[PDB]
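Encoded as structure tokens, the following chain is the form deposited in one PDB entry, with no partner shown.
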């Protein structure tokens, strides 16, 4: 049988019980176990890293171990002895999602891809690979080298392709951004790259060399020289220069100046200036945004003092979205939101209209040093974006929410000052983001992404007033709410909140049918769509007694004809008197103080 996928098992921490933890994520793959293999490699003592090593290997038929006569050179030997069509270089503590192997191989084989850039998930943040992991693209390499961004080493690589172009991790010295070098060489050698965006493939879990400014800028110089000497297509070289110049070199001329001591600032500033002069052509800054053109111009002038002042003037610019309306309709959750650019969610962010120019507000001393074009936002006032996103609080996967309509205008607030105001409406069909069984019961967090004038604000949606709205939709309990942090969350499956408590109870419409032993408890405020039956139980306690033992009984939450109710089955009980009733639906109890008389 042909091997479809070979996973290179890491040995950074080769604790045997740690390899036990790793097989859990891999044994849950939907792919047949005999169509993938696990490739291990070590160089240790006779027992705790070798004898109990192959003891574990003789149990797994698809596991292989081999020694080395000496953490990257191990990866090269694993690549050569592997037999799978694609190779995954799995890092420690990282996990893959249950359908990754099947979906990656099908996608790569059908489209004959040398690299499958699968959607990657990180613990923190509201996005990862926002631009690239939007839609599936089986012909991504035609877009240029940026199709491989973000250049993590967590993609699926065609094994034949790596061996035929001798694409390996750097043999000796520990190098920064070896994944950048690796994925760049893959593209340089004409890799067919496909982007798999509709299913998360890799979970990069969150868990020193290069902190030295001298080694840091030594490594930055190496990376830029690697680009200059190895990239042959000018379009691709221009992108890599522009991308890394903006983020690493110019990326220290903003708020980084306000966070480091003056002694380290002086060192890294001269490093950045020398690199810009020796390595970055002048035309590169021409395709940059206005704020970075300012940074580039002041860098080449060596004007560190102006840059320190501009960092002070720019600190805290952001855009936080407020919920203006939220409701359930049909089987979806609808949102209306508003936003505006501010300083730290407080006073408005302003630009200034002087004549035909929409000017960045700067002191006169700095305005006189800059070319006029670099603080005129006139040409950029129609390039605002405003989109919604969502994140599973357990899976950590983030997704753009499609189908939104937005509007951003430049509004004259007072005198010649102008603010930037945005509005947006969108809906959530939660089934769009339920891909694994575990996603069915999960809290979800909503965010908004706002970009414009060189700034990007991707922040959690918030509301000030208490919002609690519930829904019973096709056997899914849904609760949208202002969570404990003041941010918008959608609880599905009662993982945090009780839908009965949040919906309230019409305690005066409670029905008791003693012949059929059925108690009916109608819910008050709740959107009910489709038919729903969710089984649970309830507790009865006699009213007068203290510390009374509970009477356990079955119960069910029913959605029917756009109305919801809990029916409690008394069964054999045969009771008399007044009892407290507490419903327990999906593990959550209500605090509605229900009393019934039997």
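Heads up, when I say rigid core I mean the largest set of C-alphas that superpose within 1.5 Å between the two forms. Numbering follows the first chain given and starts at 1.
Keep in mind that the form deposited in another entry is missing from the display, and what follows is about it.
- The Cα shift for residue 32 between this form and the one not shown, taken after rigid core superposition, is smaller than 2 angstroms.
- The rigid-core alignment places the CA of residue 171 2 Å or more apart between this form and the one not shown.
- For residue 54, the Cα coordinates differ by 2 angstroms or more between this form and the one not shown after the core has been superposed.
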